[PDB]
Structure formats: structure tokens, C-alpha cells
Amino acid sequence: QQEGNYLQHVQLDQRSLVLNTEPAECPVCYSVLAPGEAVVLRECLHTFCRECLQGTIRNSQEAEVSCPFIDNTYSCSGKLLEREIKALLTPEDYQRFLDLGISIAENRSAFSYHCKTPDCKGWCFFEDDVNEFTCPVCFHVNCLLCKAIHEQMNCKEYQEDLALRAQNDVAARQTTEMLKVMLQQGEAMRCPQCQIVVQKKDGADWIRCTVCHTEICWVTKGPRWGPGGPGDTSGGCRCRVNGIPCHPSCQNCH
Amino acid sequence: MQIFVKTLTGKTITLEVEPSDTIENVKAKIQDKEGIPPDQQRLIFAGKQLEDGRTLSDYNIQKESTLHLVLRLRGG
Amino acid sequence: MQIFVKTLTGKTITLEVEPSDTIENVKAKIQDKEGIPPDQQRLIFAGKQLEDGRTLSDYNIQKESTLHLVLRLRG
Amino acid sequence: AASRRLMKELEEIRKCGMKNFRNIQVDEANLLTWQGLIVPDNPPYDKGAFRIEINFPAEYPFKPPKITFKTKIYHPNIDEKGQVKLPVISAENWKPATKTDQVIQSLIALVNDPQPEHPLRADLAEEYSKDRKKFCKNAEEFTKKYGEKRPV
Ligand SMILES: [Zn+2]
Ligand SMILES: [Zn+2]
Ligand SMILES: [Zn+2]
Ligand SMILES: [Zn+2]
Ligand SMILES: [Zn+2]
Ligand SMILES: [Zn+2]
Ligand SMILES: [Zn+2]
């Protein structure tokens, strides 16, 4: 008999969404659910509903949707499987979840060049002697030396054309001067990894870049950690090391 | 009308908008194409931070103009 | 087990693998089904660059998961 | 979605009670803003209450709400601007299953026993770590001087 009881779990591996056998309450929306109306995660055996799992994937900017369960004692560390995430989202919402993980990995890497074609999602990795990149999405020859697409003209001509095009672009010079002023005055900084311009609103003295998940020490104006991420004290500001704060004004940068 | 929005390092977006579109709507369109929530967005055009409530015509934002996106991250 | 490999072009391949299969083995299957040499391949799962030597079980890559293929151009 | 859960949360909060969170000023106009009164139990905060304002986001409960202290307190985890660094409601530790009463009791536990490992005032954290006596005395004086009054 037990050879068939243990056999019923290979059966659950067939379908993606393992539904609930007995009725259970969803601990996020408090809605009574019948067998077949609730979804049970596989890596933690927690039961939720239709929408609440869909909302957790939406309002999550991490490439790994964590299980949304916590009670009086412990906090669940289970993850949602892609088979469960795909079977919960629409093809449009699922493709956005896949593009989030690609964006995080692209900006985390210091050798990622994106296509300069507007709205294009094509990118690649480069070495140090590569000079061209034929984008596989729009078939446009991205030049890597001057870091822009210039077809039917050489680099010397594109540089000349860019100068003439920018010599009388007052709006471009204005927003450039604003950025330069914002960095000098310490109102904003470029994220030390993905180089995006970020500004700290309220809080203490540390921020996590929502583009590449790099932790930034606001006071020292640089990476909080080394190349190893959170915990790595081989680089960064090395705050609280031997009790010394990273800067006399720092109060909390993790 | 079409405008350009420079977000991530090297990525350029194109948004379909109208001069009557408010700054909140433009930030929402960026979210649909980038997932960045509007509360973490601040837009800069020609050296001025676009304030919520105003429209693109209020800042004389015409066609094929390029906006710049900076991220306002909340500390902890 | 079967997994998916999405290339930025939009094409999705299905590979029959096992949790003990190394990343080098998966890149070899990608070469056998696409002609892309493994040294010019980079696989990404859940925002992490898959390193050679490790296995799919090391990254918790289960069946019907979607990896992403990006090109590493040699100078 | 946020209005549906927050409605049901206040129903049970007023059904049982907390004995440590009184004056539950919840205007039904804007359900995304609550006002409450924390009443600590252990010293150096047992001689006064604290007015707090909790703001719930539009994406609640999929995004964390945040609490600001109206009554200023001499606490290493609470700056003089009213902010409190609570790990339960941080953008990275937040979990949609976290209930409002759990947040309230976690903040009350943080007040009852501060934790100088994630402080907002580094000097007060160092004083709490080293000289507990002088920190407790200063906190009692601050609670008597600028703190509220405990409702019975
Ligand atoms: Zn639910
Ligand atoms: Zn769980
Ligand atoms: Zn392209
Ligand atoms: Zn060139
Ligand atoms: Zn970054
Ligand atoms: Zn630091
Ligand atoms: Zn520091």
C-alpha cells in the first residue's frame, strides 16, 4: 500500500501548480478557499490564493520571488518555482519577470554593452579588443569604440557629426551641467557598479540600487562591500571593522 | 508624439505621449517599459527636475526630446 | 528533466538535462543545437551568471526553468 | 486590494485589543494612514507613551508600510526626525504575510530593548552598548520631560 502512497508524489510533478487538497485560508488576504481554488508552494508547502501569489510576483524586484509567509515565530525562506510563476502570470507579466532577471545580471557585470537602438533589448558581453557588435534583435552594427551606432560613416565622421549636433543643443548641456553640479555638491552620485545616477531620500546612510542590487555607502560615496557582495570586507568602506566607522559622520551603512 | 528617455546605462526608451500628459503619466509609462516604480523616479529635462502635477507642455517638451532618469532610493 | 534556453532573439530551445549536468555540458548541448561555441556563451539564471564547473542543482535549476543565453565576443 | 485587507485588519484589532497600542485613531476617509499610541512596559520607557503615525502604501500588503514617531524619544534606533529603522518593515525583509499587529509588537519590542547593531543614532547606540546606566537615566529623563502620558 505504501508503495502506492509514496508513488502519488511523482504524480504531482506532472502539473506545474500543485493545488490544495483540503480547504485552507490564505494568510495574506483571509479568503476561505475550496480544494482546487488554492495554490500550495512546493519548496515550503505553504498555501495561498490566486491573486495574492500574483501580487507578490508583481511587487517584487528580486529575480527570485520569495514565499510570502511569516507568523509569530519564524519567517519562511522558500522560493516560487518558475513553473509556478509562469502558470500564475500572463504571458506579458511572465515576460516582464524574465526581463527583470536579465537586467539585474546585465548591470551587475562590468563587461555588458547594450544596444543603442531605442527600446531594443539586445545586449552582449565584450572583451578588450572587440570593436563591433551586430545586435541579434535589430541587426544594427553597434560600434564599441565610440560606444554608439554609426552606419555609413567612420568614427572620425560620427565624432564630428556629434560635435556639430551638440554644439547648439542647449537642452543637452543644461541637463549635463545639472548632473555635474549634483555630484560635486553631494546631492547625488553614480552607482559604483551600473553607473546609474541615484539620490538618497531620507533614511540612514546606505541605499541598495534597484537596478543592479549593489549596496552603496552614502557617506563615503562608494561601494559598501567588495566584489563579493554583502559580507565581503575585501573592498568597500569596511565599516564597523574593529569598531571603526567608515567615516566620522556615518551612523549606519550596514 | 514621440520622446526619448535615457534610463539605465546605455538603454534608451521611446515613449508615446502627448503635450497634455502629466509627469505622473510619463513616469507610469516608464514603469510599463522598465518596471521602475514612479516613487523611485525623478525626471530631468534641460536642467530642471520635472515636478508632479505639471504636464509635458508646461516644460516646453516637444517631439523627439530626450529626458533623463535619475533614481531616488530610500535609505534604511 | 527538460529546461528552456531563451536567446535574446526570442527563440526558446528545450534541452533534456539532469541536475548533475555541469554548465559545460549544457553549453555543449547548446553548441550541438545552435553551433555557438561554448567559449562565446554565457548563461544567466535568476540574475546570476552561471559559472562553468558547477551543476544545475548547485543553482537550484529545476525542470522547465528558463536560462538566458548571451554572447561573449572575443577580441 | 489594499483597502480590502486593511479593512479586515482593523476589524480584528478592535475585536481583541493589544493593551500596548491605545488611541487607535484610524480615519475611515484615508485608510492608508493610522495614528496610535505606543505604551511601553519595561524601563527606561515605562513612564510615558508615544504617538506614532503608520502610513500604508497603495501596494499594501505587497509593499511594506512605514511608521514615524510623533513624540520624540531618546532612542538609538529612532532619530530626532521621527524615523525608526525596523528590520521587519524594511524593503528587503518585508513579506506580504506580515500583519499590522505584528509590526506594532515588533516596534514595541524594539522600544523595550534597543538594538545598537542597526541604529539611527550611532552615539546613543555606543552609549547603550557601553554605559547602560547613563543611557537609561537620560532616557528616563527624556521620557518624563518630552514623553506623553500613559492612557489607563
Ligand atoms: Zn490571498
Ligand atoms: Zn513558504
Ligand atoms: Zn539592437
Ligand atoms: Zn565608431
Ligand atoms: Zn546600480
Ligand atoms: Zn560606509
Ligand atoms: Zn559606515
# chains A, B, ... in the order shown; residues from 1 in each chain; ligands from 1
$ interface_residues --of "chain C" --to "chain A" --cutoff "9 Å" --atoms "only C-alpha atoms" --output "list in words"
residues 8, 9, 10, 40, 42, 44, 45, 46, 47, 48, 49, 62, 63, 64, 65, 66, 68, 70, 71, 72, 73, 74 and 75 of chain C
$ write_last_selection --atoms "N, CA, C and O atoms" --output "PDB file, in the first residue's frame"
ATOM      1  N   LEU C   8      18.276  36.021 -26.688  1.00  0.00           N
ATOM      2  CA  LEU C   8      17.738  37.376 -26.781  1.00  0.00           C
ATOM      3  C   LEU C   8      16.936  37.604 -28.056  1.00  0.00           C
ATOM      4  O   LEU C   8      16.086  38.500 -28.090  1.00  0.00           O
ATOM      5  N   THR C   9      17.186  36.815 -29.102  1.00  0.00           N
ATOM      6  CA  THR C   9      16.437  36.930 -30.346  1.00  0.00           C
ATOM      7  C   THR C   9      14.973  36.545 -30.195  1.00  0.00           C
ATOM      8  O   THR C   9      14.185  36.813 -31.108  1.00  0.00           O
ATOM      9  N   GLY C  10      14.586  35.928 -29.080  1.00  0.00           N
ATOM     10  CA  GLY C  10      13.223  35.477 -28.889  1.00  0.00           C
ATOM     11  C   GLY C  10      13.051  33.976 -28.975  1.00  0.00           C
ATOM     12  O   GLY C  10      12.008  33.465 -28.549  1.00  0.00           O
ATOM     13  N   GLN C  40      32.098  31.398 -26.327  1.00  0.00           N
ATOM     14  CA  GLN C  40      31.340  32.599 -26.642  1.00  0.00           C
ATOM     15  C   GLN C  40      29.938  32.579 -26.044  1.00  0.00           C
ATOM     16  O   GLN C  40      29.091  33.383 -26.445  1.00  0.00           O
ATOM     17  N   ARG C  42      27.337  32.629 -22.588  1.00  0.00           N
ATOM     18  CA  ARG C  42      27.158  32.953 -21.177  1.00  0.00           C
ATOM     19  C   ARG C  42      25.704  32.724 -20.797  1.00  0.00           C
ATOM     20  O   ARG C  42      24.799  33.280 -21.426  1.00  0.00           O
ATOM     21  N   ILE C  44      22.546  32.763 -17.984  1.00  0.00           N
ATOM     22  CA  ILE C  44      22.061  33.563 -16.865  1.00  0.00           C
ATOM     23  C   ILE C  44      20.769  32.950 -16.344  1.00  0.00           C
ATOM     24  O   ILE C  44      19.845  32.690 -17.122  1.00  0.00           O
ATOM     25  N   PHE C  45      20.709  32.707 -15.036  1.00  0.00           N
ATOM     26  CA  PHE C  45      19.503  32.206 -14.388  1.00  0.00           C
ATOM     27  C   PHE C  45      19.232  33.027 -13.138  1.00  0.00           C
ATOM     28  O   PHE C  45      20.067  33.069 -12.228  1.00  0.00           O
ATOM     29  N   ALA C  46      18.066  33.678 -13.099  1.00  0.00           N
ATOM     30  CA  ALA C  46      17.618  34.445 -11.935  1.00  0.00           C
ATOM     31  C   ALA C  46      18.620  35.531 -11.548  1.00  0.00           C
ATOM     32  O   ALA C  46      18.844  35.801 -10.366  1.00  0.00           O
ATOM     33  N   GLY C  47      19.236  36.155 -12.549  1.00  0.00           N
ATOM     34  CA  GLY C  47      20.113  37.279 -12.299  1.00  0.00           C
ATOM     35  C   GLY C  47      21.527  36.925 -11.900  1.00  0.00           C
ATOM     36  O   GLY C  47      22.247  37.797 -11.402  1.00  0.00           O
ATOM     37  N   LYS C  48      21.951  35.680 -12.100  1.00  0.00           N
ATOM     38  CA  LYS C  48      23.295  35.247 -11.748  1.00  0.00           C
ATOM     39  C   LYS C  48      23.951  34.589 -12.952  1.00  0.00           C
ATOM     40  O   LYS C  48      23.329  33.778 -13.645  1.00  0.00           O
ATOM     41  N   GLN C  49      25.209  34.948 -13.196  1.00  0.00           N
ATOM     42  CA  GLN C  49      25.976  34.364 -14.289  1.00  0.00           C
ATOM     43  C   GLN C  49      26.407  32.951 -13.911  1.00  0.00           C
ATOM     44  O   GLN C  49      27.145  32.758 -12.939  1.00  0.00           O
ATOM     45  N   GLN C  62      15.706  23.766 -11.590  1.00  0.00           N
ATOM     46  CA  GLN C  62      14.842  22.605 -11.714  1.00  0.00           C
ATOM     47  C   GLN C  62      14.269  22.543 -13.129  1.00  0.00           C
ATOM     48  O   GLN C  62      14.612  23.345 -14.001  1.00  0.00           O
ATOM     49  N   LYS C  63      13.389  21.573 -13.360  1.00  0.00           N
ATOM     50  CA  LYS C  63      12.885  21.341 -14.706  1.00  0.00           C
ATOM     51  C   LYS C  63      11.987  22.489 -15.157  1.00  0.00           C
ATOM     52  O   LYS C  63      11.364  23.181 -14.347  1.00  0.00           O
ATOM     53  N   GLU C  64      11.959  22.703 -16.473  1.00  0.00           N
ATOM     54  CA  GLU C  64      11.191  23.764 -17.122  1.00  0.00           C
ATOM     55  C   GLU C  64      11.606  25.154 -16.652  1.00  0.00           C
ATOM     56  O   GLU C  64      10.832  26.110 -16.771  1.00  0.00           O
ATOM     57  N   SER C  65      12.816  25.288 -16.118  1.00  0.00           N
ATOM     58  CA  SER C  65      13.356  26.600 -15.810  1.00  0.00           C
ATOM     59  C   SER C  65      13.931  27.221 -17.077  1.00  0.00           C
ATOM     60  O   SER C  65      14.310  26.525 -18.023  1.00  0.00           O
ATOM     61  N   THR C  66      13.995  28.546 -17.094  1.00  0.00           N
ATOM     62  CA  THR C  66      14.420  29.278 -18.280  1.00  0.00           C
ATOM     63  C   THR C  66      15.752  29.963 -18.007  1.00  0.00           C
ATOM     64  O   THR C  66      15.830  30.887 -17.191  1.00  0.00           O
ATOM     65  N   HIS C  68      19.002  32.123 -19.825  1.00  0.00           N
ATOM     66  CA  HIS C  68      19.143  33.117 -20.878  1.00  0.00           C
ATOM     67  C   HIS C  68      20.550  33.050 -21.448  1.00  0.00           C
ATOM     68  O   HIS C  68      21.529  32.970 -20.700  1.00  0.00           O
ATOM     69  N   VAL C  70      23.518  34.757 -23.565  1.00  0.00           N
ATOM     70  CA  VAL C  70      24.132  35.991 -24.036  1.00  0.00           C
ATOM     71  C   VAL C  70      25.478  35.648 -24.658  1.00  0.00           C
ATOM     72  O   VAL C  70      26.125  34.665 -24.277  1.00  0.00           O
ATOM     73  N   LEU C  71      25.906  36.469 -25.613  1.00  0.00           N
ATOM     74  CA  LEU C  71      27.101  36.196 -26.401  1.00  0.00           C
ATOM     75  C   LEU C  71      28.304  36.934 -25.829  1.00  0.00           C
ATOM     76  O   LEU C  71      28.236  38.139 -25.566  1.00  0.00           O
ATOM     77  N   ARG C  72      29.399  36.201 -25.641  1.00  0.00           N
ATOM     78  CA  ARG C  72      30.682  36.755 -25.222  1.00  0.00           C
ATOM     79  C   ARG C  72      31.578  36.859 -26.451  1.00  0.00           C
ATOM     80  O   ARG C  72      32.043  35.840 -26.972  1.00  0.00           O
ATOM     81  N   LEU C  73      31.825  38.081 -26.914  1.00  0.00           N
ATOM     82  CA  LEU C  73      32.620  38.285 -28.118  1.00  0.00           C
ATOM     83  C   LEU C  73      34.100  38.348 -27.763  1.00  0.00           C
ATOM     84  O   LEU C  73      34.501  39.093 -26.863  1.00  0.00           O
ATOM     85  N   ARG C  74      34.904  37.560 -28.474  1.00  0.00           N
ATOM     86  CA  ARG C  74      36.346  37.523 -28.275  1.00  0.00           C
ATOM     87  C   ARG C  74      37.025  38.526 -29.199  1.00  0.00           C
ATOM     88  O   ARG C  74      36.704  38.599 -30.389  1.00  0.00           O
ATOM     89  N   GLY C  75      37.964  39.291 -28.651  1.00  0.00           N
ATOM     90  CA  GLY C  75      38.687  40.278 -29.431  1.00  0.00           C
ATOM     91  C   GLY C  75      39.776  39.672 -30.294  1.00  0.00           C
ATOM     92  O   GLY C  75      40.952  39.684 -29.929  1.00  0.00           O
TER      93      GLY C  75
END
$ select_by_dssp --residues "region 2-61 of chain B" --states "alpha helix (DSSP H)" --output "PyMOL selection string"
chain B and resi 23-34
$ write_last_selection --atoms "N, CA and C atoms" --output "tab-separated table (two decimals), in the first residue's frame"
chain	number	residue	atom	x	y	z
B	23	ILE	N	3.33	64.61	-15.67
B	23	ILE	CA	4.58	63.94	-15.31
B	23	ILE	C	4.31	62.59	-14.67
B	24	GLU	N	3.22	62.47	-13.91
B	24	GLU	CA	2.88	61.18	-13.31
B	24	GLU	C	2.60	60.13	-14.38
B	25	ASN	N	1.89	60.51	-15.45
B	25	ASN	CA	1.61	59.57	-16.52
B	25	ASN	C	2.89	59.13	-17.23
B	26	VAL	N	3.81	60.07	-17.46
B	26	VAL	CA	5.06	59.73	-18.14
B	26	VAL	C	5.88	58.77	-17.29
B	27	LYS	N	5.91	58.98	-15.97
B	27	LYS	CA	6.61	58.06	-15.09
B	27	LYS	C	5.96	56.68	-15.09
B	28	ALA	N	4.63	56.62	-15.23
B	28	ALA	CA	3.95	55.34	-15.30
B	28	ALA	C	4.28	54.60	-16.59
B	29	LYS	N	4.38	55.32	-17.71
B	29	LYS	CA	4.77	54.69	-18.97
B	29	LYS	C	6.18	54.12	-18.88
B	30	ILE	N	7.08	54.80	-18.16
B	30	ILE	CA	8.42	54.27	-17.95
B	30	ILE	C	8.36	52.98	-17.15
B	31	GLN	N	7.45	52.91	-16.18
B	31	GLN	CA	7.31	51.69	-15.38
B	31	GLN	C	6.85	50.52	-16.23
B	32	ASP	N	5.94	50.76	-17.17
B	32	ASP	CA	5.47	49.69	-18.04
B	32	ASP	C	6.57	49.17	-18.96
B	33	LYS	N	7.59	49.97	-19.22
B	33	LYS	CA	8.70	49.58	-20.09
B	33	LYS	C	9.98	49.30	-19.32
B	34	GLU	N	10.00	49.52	-18.00
B	34	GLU	CA	11.20	49.28	-17.20
B	34	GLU	C	10.94	48.70	-15.83
$ residues_around --residues "residue 140 (chain D)" --least-positions-apart "2" --cutoff "8 Å" --atoms "only C-alpha atoms" --output "mmCIF file with N, CA, C and O atoms, in the first residue's frame"
data_model
loop_
_atom_site.group_PDB
_atom_site.id
_atom_site.type_symbol
_atom_site.label_atom_id
_atom_site.label_comp_id
_atom_site.auth_asym_id
_atom_site.auth_seq_id
_atom_site.Cartn_x
_atom_site.Cartn_y
_atom_site.Cartn_z
ATOM 1 N N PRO D 43 11.272 49.705 31.703
ATOM 2 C CA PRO D 43 12.066 50.939 31.666
ATOM 3 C C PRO D 43 13.159 50.837 30.617
ATOM 4 O O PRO D 43 13.489 49.730 30.163
ATOM 5 N N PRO D 44 13.763 51.965 30.206
ATOM 6 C CA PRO D 44 13.550 53.341 30.669
ATOM 7 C C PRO D 44 12.418 54.081 29.956
ATOM 8 O O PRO D 44 12.460 55.308 29.865
ATOM 9 N N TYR D 45 11.423 53.348 29.457
ATOM 10 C CA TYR D 45 10.291 53.953 28.764
ATOM 11 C C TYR D 45 8.953 53.588 29.394
ATOM 12 O O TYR D 45 7.908 53.796 28.766
ATOM 13 N N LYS D 47 7.459 55.055 31.752
ATOM 14 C CA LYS D 47 6.825 56.230 32.336
ATOM 15 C C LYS D 47 6.297 57.191 31.275
ATOM 16 O O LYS D 47 6.282 58.406 31.484
ATOM 17 N N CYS D 136 20.168 54.775 30.307
ATOM 18 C CA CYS D 136 18.857 54.576 30.915
ATOM 19 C C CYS D 136 18.405 55.815 31.676
ATOM 20 O O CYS D 136 17.229 56.192 31.618
ATOM 21 N N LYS D 137 19.326 56.470 32.387
ATOM 22 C CA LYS D 137 18.960 57.675 33.128
ATOM 23 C C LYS D 137 18.536 58.794 32.182
ATOM 24 O O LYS D 137 17.510 59.454 32.398
ATOM 25 N N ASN D 138 19.322 59.025 31.126
ATOM 26 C CA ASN D 138 18.971 60.059 30.157
ATOM 27 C C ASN D 138 17.648 59.745 29.470
ATOM 28 O O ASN D 138 16.843 60.648 29.218
ATOM 29 N N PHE D 142 14.302 61.998 29.513
ATOM 30 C CA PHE D 142 13.660 62.423 28.274
ATOM 31 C C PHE D 142 12.204 61.977 28.219
ATOM 32 O O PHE D 142 11.339 62.723 27.747
ATOM 33 N N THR D 143 11.912 60.762 28.691
ATOM 34 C CA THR D 143 10.537 60.276 28.689
ATOM 35 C C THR D 143 9.666 61.086 29.640
ATOM 36 O O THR D 143 8.502 61.371 29.335
ATOM 37 N N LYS D 144 10.208 61.462 30.800
ATOM 38 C CA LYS D 144 9.448 62.300 31.722
ATOM 39 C C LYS D 144 9.241 63.702 31.159
ATOM 40 O O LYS D 144 8.151 64.272 31.286
#
$ interface_residues --of "chain B" --to "chain A" --cutoff "6 Å" --atoms "only C-alpha atoms" --output "compact mmCIF listing (two decimals) with N, CA, C and O atoms, in the first residue's frame"
# COMPACT_ATOMS: atom_id res chain seq x y z
N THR B 9 22.24 52.59 -17.85
CA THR B 9 23.49 52.94 -18.52
C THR B 9 23.57 52.34 -19.91
O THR B 9 23.96 51.18 -20.08
N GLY B 10 23.17 53.12 -20.91
CA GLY B 10 23.19 52.72 -22.30
C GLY B 10 21.83 52.44 -22.90
O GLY B 10 21.70 52.46 -24.13
N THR B 12 18.06 53.25 -23.98
CA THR B 12 17.25 54.40 -24.36
C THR B 12 15.83 53.94 -24.65
O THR B 12 15.62 53.02 -25.44
N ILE B 13 14.85 54.58 -24.00
CA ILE B 13 13.45 54.26 -24.22
C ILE B 13 12.82 55.33 -25.10
O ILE B 13 13.27 56.47 -25.16
N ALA B 46 16.62 69.32 -19.59
CA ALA B 46 17.25 70.62 -19.80
C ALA B 46 17.60 71.30 -18.47
O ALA B 46 17.48 72.52 -18.33
N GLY B 47 18.02 70.51 -17.49
CA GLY B 47 18.48 71.05 -16.23
C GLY B 47 17.40 71.38 -15.23
O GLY B 47 17.68 72.09 -14.26
N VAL B 70 16.84 59.80 -13.18
CA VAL B 70 17.68 59.52 -12.02
C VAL B 70 16.80 58.83 -10.99
O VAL B 70 15.59 59.08 -10.92
N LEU B 71 17.41 57.96 -10.20
CA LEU B 71 16.68 57.13 -9.24
C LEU B 71 16.77 57.74 -7.85
O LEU B 71 17.87 58.09 -7.40
N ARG B 72 15.63 57.87 -7.18
CA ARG B 72 15.60 58.31 -5.79
C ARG B 72 15.40 57.07 -4.92
O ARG B 72 14.28 56.56 -4.80
N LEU B 73 16.49 56.60 -4.33
CA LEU B 73 16.47 55.41 -3.48
C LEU B 73 16.28 55.80 -2.02
O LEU B 73 16.91 56.74 -1.53
N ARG B 74 15.40 55.07 -1.34
CA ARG B 74 15.13 55.33 0.07
C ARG B 74 16.13 54.58 0.94
O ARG B 74 16.39 53.39 0.72
N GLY B 75 16.70 55.28 1.92
CA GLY B 75 17.67 54.68 2.81
C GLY B 75 17.03 53.83 3.89
O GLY B 75 15.81 53.83 4.10
N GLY B 76 17.87 53.09 4.60
CA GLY B 76 17.43 52.24 5.68
C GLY B 76 18.54 51.97 6.68
O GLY B 76 19.56 52.64 6.66
$ closest_atom_pairs --of "chain D" --to "chain A" --cutoff "7 Å" --atoms "only C-alpha atoms" --output "tab-separated table"
residue	atom	partner	partner_atom	distance
D:5	CA	A:29	CA	6.1
D:62	CA	A:56	CA	5.9
D:63	CA	A:59	CA	6.9
D:95	CA	A:68	CA	5.0
D:96	CA	A:68	CA	5.4
D:97	CA	A:28	CA	4.9
D:98	CA	A:70	CA	5.9
D:118	CA	A:252	CA	6.5
D:119	CA	A:252	CA	6.3
D:120	CA	A:251	CA	6.4
D:121	CA	A:251	CA	6.2
D:122	CA	A:251	CA	4.8
$ write_last_selection --atoms "N, CA and C atoms" --output "tab-separated table (two decimals), in the first residue's frame"
chain	number	residue	atom	x	y	z
D	5	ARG	N	-7.78	44.36	2.65
D	5	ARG	CA	-7.08	43.78	3.79
D	5	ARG	C	-7.10	44.71	4.99
D	62	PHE	N	1.64	44.06	-0.37
D	62	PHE	CA	2.79	43.60	-1.15
D	62	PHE	C	3.99	44.52	-1.00
D	63	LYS	N	3.81	45.71	-0.45
D	63	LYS	CA	4.90	46.61	-0.11
D	63	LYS	C	4.77	47.02	1.35
D	95	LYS	N	7.50	40.92	4.01
D	95	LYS	CA	6.80	39.76	3.48
D	95	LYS	C	5.31	40.08	3.56
D	96	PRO	N	4.57	39.93	2.45
D	96	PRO	CA	3.15	40.31	2.44
D	96	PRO	C	2.29	39.66	3.52
D	97	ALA	N	2.77	38.57	4.12
D	97	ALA	CA	2.02	37.93	5.19
D	97	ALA	C	2.14	38.64	6.52
D	98	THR	N	3.06	39.59	6.65
D	98	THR	CA	3.24	40.30	7.92
D	98	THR	C	2.00	41.13	8.23
D	118	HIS	N	21.85	48.01	14.43
D	118	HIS	CA	21.26	48.75	13.31
D	118	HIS	C	20.63	50.03	13.85
D	119	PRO	N	21.45	50.98	14.30
D	119	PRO	CA	20.92	52.19	14.92
D	119	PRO	C	20.72	53.32	13.93
D	120	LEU	N	19.92	54.30	14.37
D	120	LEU	CA	19.82	55.57	13.67
D	120	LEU	C	20.66	56.67	14.31
D	121	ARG	N	21.00	56.52	15.59
D	121	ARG	CA	21.88	57.45	16.30
D	121	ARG	C	23.06	56.64	16.81
D	122	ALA	N	24.22	56.80	16.16
D	122	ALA	CA	25.38	55.97	16.49
D	122	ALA	C	25.92	56.28	17.88
$ decode --residues "region 21-45 of chain C" --atoms "N, CA and C atoms" --output "tab-separated table (two decimals), in the first residue's frame"
chain	number	residue	atom	x	y	z
C	21	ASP	N	24.17	17.55	-14.46
C	21	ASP	CA	24.83	18.06	-15.65
C	21	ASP	C	25.54	19.37	-15.34
C	22	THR	N	26.81	19.45	-15.71
C	22	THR	CA	27.58	20.67	-15.49
C	22	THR	C	27.18	21.74	-16.50
C	23	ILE	N	27.57	22.98	-16.20
C	23	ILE	CA	27.29	24.09	-17.11
C	23	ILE	C	28.02	23.89	-18.43
C	24	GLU	N	29.22	23.30	-18.39
C	24	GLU	CA	29.94	22.99	-19.62
C	24	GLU	C	29.15	22.02	-20.48
C	25	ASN	N	28.51	21.03	-19.86
C	25	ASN	CA	27.69	20.09	-20.62
C	25	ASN	C	26.50	20.78	-21.26
C	26	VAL	N	25.85	21.70	-20.53
C	26	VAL	CA	24.72	22.42	-21.10
C	26	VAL	C	25.17	23.30	-22.26
C	27	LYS	N	26.33	23.94	-22.12
C	27	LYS	CA	26.88	24.72	-23.22
C	27	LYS	C	27.22	23.84	-24.42
C	28	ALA	N	27.65	22.60	-24.17
C	28	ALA	CA	27.93	21.68	-25.27
C	28	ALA	C	26.64	21.30	-25.99
C	29	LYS	N	25.56	21.08	-25.24
C	29	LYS	CA	24.27	20.82	-25.89
C	29	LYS	C	23.81	22.03	-26.69
C	30	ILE	N	24.05	23.23	-26.17
C	30	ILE	CA	23.70	24.45	-26.90
C	30	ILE	C	24.51	24.54	-28.18
C	31	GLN	N	25.78	24.15	-28.13
C	31	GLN	CA	26.60	24.14	-29.34
C	31	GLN	C	26.09	23.12	-30.35
C	32	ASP	N	25.70	21.94	-29.87
C	32	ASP	CA	25.18	20.90	-30.75
C	32	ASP	C	23.84	21.28	-31.37
C	33	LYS	N	23.08	22.16	-30.74
C	33	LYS	CA	21.78	22.55	-31.27
C	33	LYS	C	21.76	23.95	-31.87
C	34	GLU	N	22.87	24.69	-31.81
C	34	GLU	CA	22.91	26.05	-32.34
C	34	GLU	C	24.22	26.42	-33.02
C	35	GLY	N	25.29	25.64	-32.88
C	35	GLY	CA	26.56	25.96	-33.48
C	35	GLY	C	27.35	27.06	-32.80
C	36	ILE	N	26.84	27.63	-31.71
C	36	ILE	CA	27.55	28.67	-30.97
C	36	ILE	C	28.63	28.03	-30.11
C	37	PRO	N	29.90	28.43	-30.27
C	37	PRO	CA	30.95	27.80	-29.48
C	37	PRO	C	30.78	28.11	-28.00
C	38	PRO	N	31.17	27.18	-27.12
C	38	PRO	CA	30.92	27.40	-25.68
C	38	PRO	C	31.68	28.57	-25.10
C	39	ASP	N	32.89	28.87	-25.60
C	39	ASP	CA	33.65	29.99	-25.06
C	39	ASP	C	32.97	31.33	-25.33
C	40	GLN	N	32.10	31.40	-26.33
C	40	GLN	CA	31.34	32.60	-26.64
C	40	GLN	C	29.94	32.58	-26.04
C	41	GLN	N	29.68	31.68	-25.10
C	41	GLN	CA	28.36	31.53	-24.49
C	41	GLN	C	28.41	31.98	-23.03
C	42	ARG	N	27.34	32.63	-22.59
C	42	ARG	CA	27.16	32.95	-21.18
C	42	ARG	C	25.70	32.72	-20.80
C	43	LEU	N	25.48	31.90	-19.78
C	43	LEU	CA	24.14	31.55	-19.34
C	43	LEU	C	23.79	32.31	-18.06
C	44	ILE	N	22.55	32.76	-17.98
C	44	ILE	CA	22.06	33.56	-16.86
C	44	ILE	C	20.77	32.95	-16.34
C	45	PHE	N	20.71	32.71	-15.04
C	45	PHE	CA	19.50	32.21	-14.39
C	45	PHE	C	19.23	33.03	-13.14
